[PDB]
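Asks: The structure under discussion is supplied below as structure tokens; questions concerning it will follow.
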Amino acid sequence: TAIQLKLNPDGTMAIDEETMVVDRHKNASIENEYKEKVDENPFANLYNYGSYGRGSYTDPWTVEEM
Amino acid sequence: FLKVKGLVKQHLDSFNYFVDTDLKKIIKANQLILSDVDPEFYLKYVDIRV
DNA sequence: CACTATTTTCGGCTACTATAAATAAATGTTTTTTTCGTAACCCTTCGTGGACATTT
């Protein structure tokens, strides 16, 4: 995403007006487009006391690992 | 004239045009709230109802 | 009627959640200073005449 130039027959070795600065949003835009589009039902985001907390469930141990 | 089209025409038919159509021409001119930090965030207002 | 099978349920596994102590050190988190409308009328300007000095 460096600075680009051009060969104009009128003005040779001229610098272009648009790539002087960067948008910083077009590369973010394509990142968003291949994302999953979900329709929210108010019962999905249900939270309880076991929410926004530490920890997980450890896999129950095996005789191989004993 | 006054049966179909009464005496408070000028007040009733103005607010009723604001609610129906003239809200959707507002959010369509203030859509896409954006942030510059973390540029992959966008919230857009699609339609509005009362 | 035999068993398949999601449903119902037991069940135990796990993992902190407070409550008191030792440090000790690292870490972030938030206040208190230290500094970067008409009408007078003053106001402003263009200007015109007086006398002085050099020069003919």
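Order determines the names: the first chain of the structure tokens is A, the second B, and so forth; residues in each chain are numbered 1 upward, and ligands are numbered 1 upward as they are shown.
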Name the residues in contact with residue 44 of chain B at a cut-off of 8 Å, using only C-alpha atoms (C1' of nucleotides), excluding same-chain residues fewer than 6 positions from it; report them as a count of residues only.
Replies: 3
Asks: Extract, using only C-alpha atoms (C1' of nucleotides), all DNA, RNA and protein residues at most 9 Å from residue 3 of chain A, discarding same-chain residues fewer than 3 positions from it, and format them as a PDB file with C-alpha atoms, in the first residue's frame.
Replies:
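Below you can see selection.pdb, which holds the result:
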```
ATOM      1  CA  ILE A  15       2.379  12.058  -8.476  1.00  0.00           C
ATOM      2  CA  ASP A  16      -1.285  11.172  -8.076  1.00  0.00           C
ATOM      3  CA  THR A  19      -2.932   7.444  -3.147  1.00  0.00           C
ATOM      4  CA  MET A  20      -1.135  10.270  -1.318  1.00  0.00           C
ATOM      5  CA  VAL A  21      -3.272   9.263   1.677  1.00  0.00           C
TER       6      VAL A  21
END
```
Asks: Would you give me, as an MDAnalysis selection string, the residues in chain A that DSSP reads as strand (DSSP E or B)?
Replies: chainID A and resid 5:6 14:15
Asks: Kindly provide, as a list in words, the residues of chain C having any atom no farther than 10 Å from an atom of chain A, counting only C-alpha atoms (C1' of nucleotides).
Replies: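 That gives the following set of residues: residues 13, 14, 15 and 16 of chain C.
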Asks: Output N, CA, C and O atoms (P, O5', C5', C4', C3', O3' and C1' of nucleotides) of each residue in that selection to a file, as a PDB file, in the first residue's frame.
Replies:
```
ATOM      1  P    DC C  13     -16.635 -37.569  41.325  1.00  0.00           P
ATOM      2  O5'  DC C  13     -17.118 -37.501  39.802  1.00  0.00           O
ATOM      3  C5'  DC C  13     -16.164 -37.538  38.743  1.00  0.00           C
ATOM      4  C4'  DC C  13     -15.823 -36.139  38.254  1.00  0.00           C
ATOM      5  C3'  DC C  13     -14.759 -35.405  39.079  1.00  0.00           C
ATOM      6  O3'  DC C  13     -13.648 -35.078  38.249  1.00  0.00           O
ATOM      7  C1'  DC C  13     -16.623 -33.997  38.606  1.00  0.00           C
ATOM      8  P    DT C  14     -12.353 -34.349  38.859  1.00  0.00           P
ATOM      9  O5'  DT C  14     -12.620 -32.792  38.616  1.00  0.00           O
ATOM     10  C5'  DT C  14     -13.158 -32.343  37.379  1.00  0.00           C
ATOM     11  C4'  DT C  14     -13.689 -30.928  37.514  1.00  0.00           C
ATOM     12  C3'  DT C  14     -12.798 -29.969  38.320  1.00  0.00           C
ATOM     13  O3'  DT C  14     -12.316 -28.927  37.481  1.00  0.00           O
ATOM     14  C1'  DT C  14     -15.099 -29.698  38.822  1.00  0.00           C
ATOM     15  P    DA C  15     -10.999 -28.101  37.890  1.00  0.00           P
ATOM     16  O5'  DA C  15     -11.347 -26.599  37.467  1.00  0.00           O
ATOM     17  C5'  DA C  15     -12.700 -26.229  37.232  1.00  0.00           C
ATOM     18  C4'  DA C  15     -13.081 -25.026  38.073  1.00  0.00           C
ATOM     19  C3'  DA C  15     -12.131 -24.732  39.241  1.00  0.00           C
ATOM     20  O3'  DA C  15     -11.813 -23.349  39.280  1.00  0.00           O
ATOM     21  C1'  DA C  15     -14.352 -24.832  40.004  1.00  0.00           C
ATOM     22  P    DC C  16     -10.461 -22.850  39.993  1.00  0.00           P
ATOM     23  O5'  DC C  16     -10.842 -22.816  41.549  1.00  0.00           O
ATOM     24  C5'  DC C  16     -11.153 -21.585  42.199  1.00  0.00           C
ATOM     25  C4'  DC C  16     -12.405 -20.959  41.606  1.00  0.00           C
ATOM     26  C3'  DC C  16     -12.886 -19.667  42.265  1.00  0.00           C
ATOM     27  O3'  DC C  16     -13.461 -18.807  41.288  1.00  0.00           O
ATOM     28  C1'  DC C  16     -14.583 -21.276  42.390  1.00  0.00           C
TER      29       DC C  16
END
```
Asks: Contacts of residue 24 of chain B at 9 Å or less, counting only C-alpha atoms (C1' of nucleotides), minus same-chain residues fewer than 5 places along, as an MDAnalysis selection string?
Replies: chainID B and resid 19 29 46:49
Asks: Would you save the residues from that selection as a short mmCIF file (atom, residue, chain, number, x, y, z; two decimals), in the first residue's frame, using C-alpha atoms?
Replies:
```
data_model
loop_
_atom_site.label_atom_id
_atom_site.label_comp_id
_atom_site.auth_asym_id
_atom_site.auth_seq_id
_atom_site.Cartn_x
_atom_site.Cartn_y
_atom_site.Cartn_z
CA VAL B 19 -44.52 9.65 11.18
CA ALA B 29 -29.24 10.71 6.14
CA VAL B 46 -31.85 0.09 8.37
CA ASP B 47 -35.40 1.26 9.14
CA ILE B 48 -37.42 3.02 11.83
CA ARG B 49 -40.95 2.57 13.17
#
```
